[PDB]
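Just below is one structure, and these are the notes that go with it.
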Amino acid sequence: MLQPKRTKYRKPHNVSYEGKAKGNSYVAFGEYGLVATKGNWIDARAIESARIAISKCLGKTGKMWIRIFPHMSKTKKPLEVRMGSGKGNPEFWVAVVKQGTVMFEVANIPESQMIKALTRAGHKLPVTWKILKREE
Amino acid sequence: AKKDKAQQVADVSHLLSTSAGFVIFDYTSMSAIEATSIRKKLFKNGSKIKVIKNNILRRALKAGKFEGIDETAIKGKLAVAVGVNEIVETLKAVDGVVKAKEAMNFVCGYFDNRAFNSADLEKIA
Amino acid sequence: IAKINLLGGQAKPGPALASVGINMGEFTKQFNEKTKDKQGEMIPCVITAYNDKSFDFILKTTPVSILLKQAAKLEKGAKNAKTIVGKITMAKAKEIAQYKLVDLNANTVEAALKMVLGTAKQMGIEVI
Amino acid sequence: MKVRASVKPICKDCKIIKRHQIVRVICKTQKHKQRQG
RNA sequence: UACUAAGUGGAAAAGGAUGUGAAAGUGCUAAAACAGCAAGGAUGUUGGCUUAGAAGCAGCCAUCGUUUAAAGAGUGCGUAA
Ligand SMILES: [Mg+2]
Ligand SMILES: [Mg+2]
Ligand SMILES: [Mg+2]
Ligand SMILES: [Zn+2]
């Protein structure tokens with residue numbers, strides 16, 4: 001579970017996922033990458049599921065990079081509570097994924113395992129994923 | 001590619017031009033263990049069994065300015081058994097082996113700038 | 001056709017043969033008669049199982065890579081291919097090749113030479 | 001027969017067909033019959 | 001002038017599919033293409049640890065080499081093996 005060690009403000013305003021791609025747009029560490037086609041809020045739980053999926057379907061020498069990180073937190077008012085009396089408490093951490101951000105990349109193992117590995121990582125995420133390669 | 005095919009047809013045509021005896025066989029029901037046995041029993045560089053393409057064999061035959069072998073290489077499975085110097089002992093050896101086999105056909109061949117029939121192959125041994 | 005495993009000094013048992021109709025008791029003498037030159041060594045037999053009943057049998061050489069162990073002066077080879085322990089020269093390799101030429105289907109003796117390297121690479125023995 | 005929202009071949013022998021405007025998977029092994037693709 | 005065969009039109013997602021049309025590249029082909037059919041489809045050997053046993057198809061030590069058109073320490077089934 002990726003989580004910031006400390007934050008200046010417990011309850012920040014939510015960060016929109018509507019828009020184009022700011023950074024993390026092109027594969028630059030590996031050479032195959034999992035691009036998104038639909039901006040959405042995905043939490044650290046989905047990252048851990050996807051990362052564990054990649055590691056289980058990886059080999060003995062494959063290497064991976066996680067680009068996105070859940071910087072922003074979100075709150076949730078307790079159940080059966082009427083509106084008012086302040087904002088709720090932080091519950092889960094979410095990374096802001098915009099349309100076009102490369103979430104996972106893999107390298108150093110043959111192409112078929114890498115294509116399969118990215119597929120299982122993207123089935124764990126709500127965004128509509130797509131495979132891309134690194135420019136020569 | 002085309003250049004390799006051109007090279008292949010040229011060298012097989014040269015080999016059949018400098019050779020003296022040829023006989024055609026089929027590849028129906030004999031084992032690879034048996035195939036290695038035929039190679040060792042011959043053991044002569046003049047005698048050589050080879051799988052040739054039907055198309056490549058006819059085209060090399062056109063370059064060999066021979067005639068009449070066309071009926072052999074039509075709608076059939078073709079082997080090449082080239083013999084240098086003495087070919088009677090090679091034909092005798094292959095005839096003994098097909099008798100030791102279960103079933104076999106045997107198609108007309110070419111030797112001494114003359115052609116033979118099926119019965120003429122039976123007596124050529 | 002059956003490739004059956006029978007000891008050279010003890011080949012009288014074996015019920016599987018009896019299922020095909022082979023005359024086991026008459027043929028026991030034939031099994032033991034031509035293996036006394038290699039007593040103690042384990043020698044399997046190929047059987048031309050058929051209904052003619054005149055079953056022609058052929059003996060067979062003990063499996064390879066045990067003389068490699070004997071020549072390498074070690075009991076068991078390395079558990080890692082990269083790790084090299086045994087070394088074998090061309091003279092020991094060629095004695096094995098002319099020994100094993102009988103069971104091999106190679107036409108030439110250099111083909112049998114590079115058989116020794118091929119099983120030695122599996123065994124991990126450097127070819128020097 | 002297994003009714004699933006997604007149908008894919010299980011073994012290399014499974015073959016996808018489209019019968020009565022419905023895609024199904026047929027194979028020698030009857031444990032691998034799928035429908036409602 | 002084209003497209004759709006779903007009454008889609010005339011409500012929906014993640015996911016799945018030899019539905020169909022258009023386009024842009026690349027491989028082979030009348031020196032014969034692809035599918036199917038007819039044949040072969042190997043030897044050391046059943047390599048060796050290993051496992052009651054595996055030895056073409058348990059984990060391995062790896063992932064051999066020749067003959068040859070081709071053949072794999074095998075494609076599965078399968079055999080205690
Ligand atoms: Mg409707
Ligand atoms: Mg489709
Ligand atoms: Mg289309
Ligand atoms: Zn199936």
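Labels used: A, B, ... for chains in the order of the structure tokens, numbers from 1 for residues in each chain, and numbers from 1 for ligands as shown.
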
Could you list the protein, DNA and RNA residues that have any atom within 8 Å of ligand 1, counting only C-alpha atoms (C1' of nucleotides) and all ligand atoms, and write them as a ChimeraX atom specification? /E:7-11

Give me, as a list in words, the residues of chain D that a backbone DSSP run labels strand (DSSP E or B). residues 2, 3, 15, 16, 17, 18, 19, 22, 23, 24, 25, 26, 34 and 35 of chain D

Mind checking which residues fall within 12 Å of residue 8 (chain A), counting only C-alpha atoms (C1' of nucleotides), ignoring those fewer than 3 positions away in the same chain, and posting them as a PyMOL selection string? chain A and resi 4-5+11-12+71-73

Go ahead and write the selection's residues with C-alpha atoms as a CSV table (one decimal), in the first residue's frame.
chain,number,residue,atom,x,y,z
A,4,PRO,CA,2.9,9.4,1.6
A,5,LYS,CA,4.9,9.4,4.9
A,11,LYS,CA,-8.0,17.3,3.8
A,12,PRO,CA,-7.2,18.8,0.4
A,71,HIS,CA,-0.2,11.7,-3.7
A,72,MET,CA,-3.7,13.0,-3.1
A,73,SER,CA,-6.0,11.7,-0.3

Contacts of region 6-64 of chain E with region 85-103 of chain C up to 12 Å, shortest pair per row, only C-alpha atoms (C1' of nucleotides), as CSV:
residue,atom,partner,partner_atom,distance
E:43,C1',C:103,CA,8.4
E:44,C1',C:103,CA,6.5
E:45,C1',C:103,CA,9.6

Which residues sit within 10 Å of ligand 4, counting only C-alpha atoms (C1' of nucleotides) and all ligand atoms, listed as a PyMOL selection string? chain D and resi 9-15+25-34

Please identify all residues of chain B having at least one atom at most 8 Å from any atom of chain C, considering only C-alpha atoms, and return them as a PyMOL selection string. chain B and resi 36-37+39-40

Would you kindly report the residues of chain C within 7 Å of chain E, using only C-alpha atoms (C1' of nucleotides), as a tab-separated table (two decimals) with N, CA and C atoms, in the first residue's frame?
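Resulting contents of selection.tsv:
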chain	number	residue	atom	x	y	z
C	63	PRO	N	24.07	-47.74	-21.41
C	63	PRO	CA	23.91	-46.31	-21.75
C	63	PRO	C	25.14	-45.47	-21.47
C	64	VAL	N	25.27	-44.39	-22.24
C	64	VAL	CA	26.46	-43.54	-22.26
C	64	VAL	C	26.49	-42.63	-21.04
C	65	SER	N	27.61	-41.92	-20.87
C	65	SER	CA	27.88	-40.88	-19.88
C	65	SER	C	28.23	-41.48	-18.53
C	79	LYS	N	26.23	-29.88	-10.39
C	79	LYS	CA	24.81	-29.53	-10.42
C	79	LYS	C	24.54	-28.21	-11.12
C	80	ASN	N	25.56	-27.55	-11.66
C	80	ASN	CA	25.38	-26.34	-12.45
C	80	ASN	C	26.23	-26.45	-13.70
C	81	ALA	N	25.62	-26.15	-14.85
C	81	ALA	CA	26.30	-26.24	-16.13
C	81	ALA	C	27.49	-25.29	-16.19
C	103	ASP	N	26.57	-49.06	-31.31
C	103	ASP	CA	25.17	-48.68	-31.13
C	103	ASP	C	24.80	-47.42	-31.91
C	104	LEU	N	25.79	-46.63	-32.31
C	104	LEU	CA	25.53	-45.36	-32.97
C	104	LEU	C	25.21	-45.58	-34.45
C	105	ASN	N	24.35	-44.72	-34.98
C	105	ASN	CA	23.96	-44.76	-36.38
C	105	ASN	C	24.68	-43.72	-37.22
C	106	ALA	N	25.86	-43.27	-36.79
C	106	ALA	CA	26.63	-42.30	-37.55
C	106	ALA	C	27.52	-43.01	-38.56
C	111	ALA	N	31.97	-37.93	-36.41
C	111	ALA	CA	30.62	-37.74	-35.89
C	111	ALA	C	30.48	-38.34	-34.50
C	115	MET	N	29.96	-36.64	-30.66
C	115	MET	CA	28.99	-37.16	-29.69
C	115	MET	C	29.52	-37.09	-28.26
C	118	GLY	N	29.16	-33.68	-27.08
C	118	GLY	CA	27.76	-33.34	-26.87
C	118	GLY	C	27.21	-33.85	-25.55
C	119	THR	N	27.53	-35.09	-25.18
C	119	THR	CA	27.09	-35.56	-23.88
C	119	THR	C	27.93	-34.98	-22.75
C	122	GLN	N	26.44	-31.63	-21.77
C	122	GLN	CA	25.34	-31.91	-20.86
C	122	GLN	C	25.87	-32.28	-19.49

Surrounding residues as number ranges by chain, ligand 3, max 12 Å, only C-alpha atoms (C1' of nucleotides) and all ligand atoms: E: 18-23

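Between residue 92 (chain B) and the residues B:122, B:4, B:11, B:26, the shortest atom-to-atom distance, using only C-alpha atoms, involves B:122.
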